[PDB]
Amino acid sequence: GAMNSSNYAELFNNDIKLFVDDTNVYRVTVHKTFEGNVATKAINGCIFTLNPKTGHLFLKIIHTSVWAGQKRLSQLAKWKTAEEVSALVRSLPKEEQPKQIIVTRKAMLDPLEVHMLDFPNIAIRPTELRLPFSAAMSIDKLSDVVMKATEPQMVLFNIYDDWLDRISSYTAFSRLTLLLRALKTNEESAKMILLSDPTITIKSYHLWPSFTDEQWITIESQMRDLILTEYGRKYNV
Amino acid sequence: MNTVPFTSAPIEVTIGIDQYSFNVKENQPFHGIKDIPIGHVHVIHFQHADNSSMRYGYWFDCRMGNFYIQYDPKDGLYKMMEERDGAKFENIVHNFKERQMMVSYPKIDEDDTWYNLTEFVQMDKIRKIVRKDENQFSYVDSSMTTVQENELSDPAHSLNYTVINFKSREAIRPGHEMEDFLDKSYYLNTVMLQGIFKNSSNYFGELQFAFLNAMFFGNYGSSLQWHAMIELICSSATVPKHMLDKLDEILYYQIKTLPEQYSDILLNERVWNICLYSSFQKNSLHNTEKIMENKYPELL
């Protein structure tokens with residue numbers, strides 16, 4: 001069934017599972033043509049496939065050349081996502097294949113179901129959570145590797161850096177979703193908060209700064225305040 | 001013209017023959033149906049006045065034998081049987097007519113309804129869906145489940161319709177995942193028509209039989225099967241022109257014949273809205289679309 005607030009701790013048990021977010025798979029700019037009509041230009045995108053227990057991220061970069069000569073690209077994007085997710089599962093040893101795949105958007109169920117027909121014991125699930133994984137391209141290192149790619153490419157990351165040496169999966173995922181929620185609501189402020197202190201650097205093999213435990217507390221409070229402020233502004237509350 | 005005599009009518013029951021039906025009172029002297037048109041399948045069905053649940057009945061073809069009805073007080077229902085003694089059977093039929101205790105199959109001569117609902121239904125195919133090979137007629141009732149339903153418990157009593165499943169390996173070629181799921185032509189034409197049904201007439205026959213079982217017995221898995229086979233054609237970009245035109249006639253008479261008050265359970269909103277308005281074949285069901293709008297504009 002669907003994933004929600006009730007069955008949220010299931011994400012951190014020992015059944016292997018992946019989230020798939022397709023929001024950044026087909027990305028365009030919209031512009032005016034010489035004759036004043038509107039046209040789109042595609043830029044590189046990515047599939048965001050994440051194991052929330054371990055932090056392992058399988059960033060499949062989607063090169064604009066995929067779209068060349070194709071129609072109904074937003075529909076195609078769903079099938080290409082499902083094609084690539086299926087190929088990733090096939091590539092993994094049996095004992096690493098997930099028991100569930102949770103798609104962040106319901107329009108992905110049928111394409112993935114059809115591509116996973118060879119895996120009848122892998123359950124494809126929607127979710128009722130409003131996960132902020134579209135803000136993945138607000139993480140500077142991920143956006144950079146997507147935009148520089150010249151061919152289809154899978155890049156692997158741990159999205160939790162080394163946090164799990166000191167905190168549980170549950171807490172790690174809560175930090176990740178808070179950070180991404182803030183980046184989504186006000187990218188400029190979110191990023192200011194993270195980088196203001198130039199003495200706190202990002203390791204070459206990490207995505208986020210090397211905050212101490214106490215600095216993470218101050219950061220997390222600052223991101224909560226950002227999110228609440230933007231809400232009152234959005235709704236006049 | 002043929003006759004299906006009844007030994008007696010011990011219990012109050014509504015008797016249908018094809019689309020016609022009669023009320024018969026407990027121990028009323030009712031003794032059969034005569035003038036039944038040779039050349040088509042037929043169905044004689046029952047609903048006891050005391051249990052408006054379990055509609056049940058028998059598919060038969062009079063060319064295949066002499067058949068009659070007899071109430072069983074142990075099993076509590078009217079049973080179809082075969083009389084092998086030809087002479088003994090004409091003897092019973094002639095005496096009952098002489099006494100005029102039989103209703104005449106009430107066909108209006110202008111009416112092709114029954115022909116149109118049964119054009120492709122052949123008794124031989126029925127008996128493969130309802131396997132019970134010691135009888136030449138087939139029993140069906142309100143509660144019988146299909147083979148596909150069972151998979152998701154007693155198989156002797158199953159409706160062995162052809163299983164259609166849009167999210168199966170059968171339906172989807174590896175490497176044509178998106179193509180085949182959006183355009184079911186390969187499933188319709190290669191897998192089902194050429195592969196399993198051999199030709200469109202056997203396909204249409206199962207479709208019509210599924211519809212009739214849903215209409216006459218409220219058989220829910222039959223309704224599912226009828227809608228599935230409709231959706232499979234409508235969801236295919238490449239359909240023989242002869243099938244599309246025959247399909248529009250088939251569905252027209254099915255929609256025309258349905259009881260108005262049952263449109264809520266027997267008609268699946270998504271399937272029809274998709275077939276008539278979204279599908280590849282939206283523009284190919286002009287009569288079916290016209291009757292649907294003028295009769296059930298709500299469902300749409």
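So that the names make sense, note that chain A is the first sequence line, chain B the second, and so on, each numbered from 1. Note that these values count all heavy atoms, side chains included, but never hydrogens, waters or copies made by symmetry.
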> Should we count CZ of B:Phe166 as having more than 12 external heavy atoms under 6.0 Å?
yes
> Look at the aromatic rings of B:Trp226 and B:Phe211 and report parallel, tilted or perpendicular, splitting at 30° and 60°.
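It falls in the tilted class, 30° to 60°.
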> Quick one: is the NZ or CZ of B:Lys184 closer than 6.0 Å to the six-membered ring centre of B:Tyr186, and within 45° of its axis?
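Geometry flag: not set, cation outside 6.0 Å or 45°.
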> If the condition is salt bridge (charged side-chain N to carboxylate O under 4.0 Å, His left out), which residues does A:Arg72 pass it with, not counting sequence neighbours?
none
> For A:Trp79 and A:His115, run side-chain hydrogen bond (donor to acceptor under 3.5 Å, both in side chains): C-alpha distance rounded to whole Å, both residues' side-chain angles, the deciding distance at 0.1 Å, then the answer.
CA-CA 8 Å; A:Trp79 292 87; A:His115 273 284; over 6 Å; no
> Under 3.5 Å, side chain of A:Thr81 to main-chain N/O of A:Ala77, donor-acceptor pair present?
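Checked: pair present.
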> With under 30° as parallel and over 60° as perpendicular, where do the rings of B:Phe120 and B:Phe204 fit, or are they tilted in between?
tilted
> Only one of A:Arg125, A:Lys53, A:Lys99 clears salt bridge (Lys or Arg N to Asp or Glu O under 4.0 Å) with A:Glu10; which?
A:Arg125
> Just to verify, which of A:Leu180, A:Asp22, A:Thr23, A:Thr104 counts as forming a side-chain contact (heavy atoms from CB on, under 4.5 Å) with A:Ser134?
A:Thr23
> Under the salt bridge (charged side-chain N to carboxylate O under 4.0 Å, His left out) test, which residues partner B:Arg169, sequence neighbours left out?
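For B:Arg169 the salt bridge (charged side-chain N to carboxylate O under 4.0 Å, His left out) partners, ignoring immediate neighbours, are A:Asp118.
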> Considering residues at least two apart in sequence or located in another chain, which fulfil the side-chain hydrogen bond (donor to acceptor under 3.5 Å, both in side chains) criterion with B:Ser263?
none
> Work out which heavy atom in A:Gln97 is nearest to a heavy atom in A:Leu92; give both atom names and the distance.
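Between these two residues, the closest heavy atoms are NE2-O, 3.3 Å.
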> Please report the C-alpha distance between B:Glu170 and B:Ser168 in whole Å, then the side-chain angles of each, then the deciding distance to 0.1 Å, and finally whether the side-chain hydrogen bond (donor to acceptor under 3.5 Å, both in side chains) criterion is met.
CA-CA 5 Å; B:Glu170 290 70 41; B:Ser168 76; 3.3 Å; yes
> Under a 3.5 Å threshold, yes or no: a donor from one side chain and an acceptor from the other, between A:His56 and A:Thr54?
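No.
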> Hey, could you give me the CD/CZ distance between A:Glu113 and B:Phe181, rounded to the nearest 0.5 Å?
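Here the interatomic distance stands at 8.0 Å.
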> For the residue pair A:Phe173 and A:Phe19, does the interplanar ring angle fall in the parallel (under 30°), tilted (30 to 60°) or perpendicular (over 60°) class?
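A:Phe173 and A:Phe19: parallel rings.
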> Ignoring hydrogens and geometry, is there a side-chain-to-backbone donor-acceptor pair from A:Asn186 to A:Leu226 under 3.5 Å?
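Looks like no, no N/O pair under 3.5 Å.
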> Give the intermediate values and the outcome of side-chain hydrogen bond (donor to acceptor under 3.5 Å, both in side chains) for residues B:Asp264 and B:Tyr296.
CA-CA 10 Å; B:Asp264 36 313; B:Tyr296 308 128; over 6 Å; no
> Decide, yes or no, whether a salt bridge links B:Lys167 with A:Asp110 under the criterion of side-chain N to carboxylate O below 4.0 Å.
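Answer for the salt bridge query: yes.
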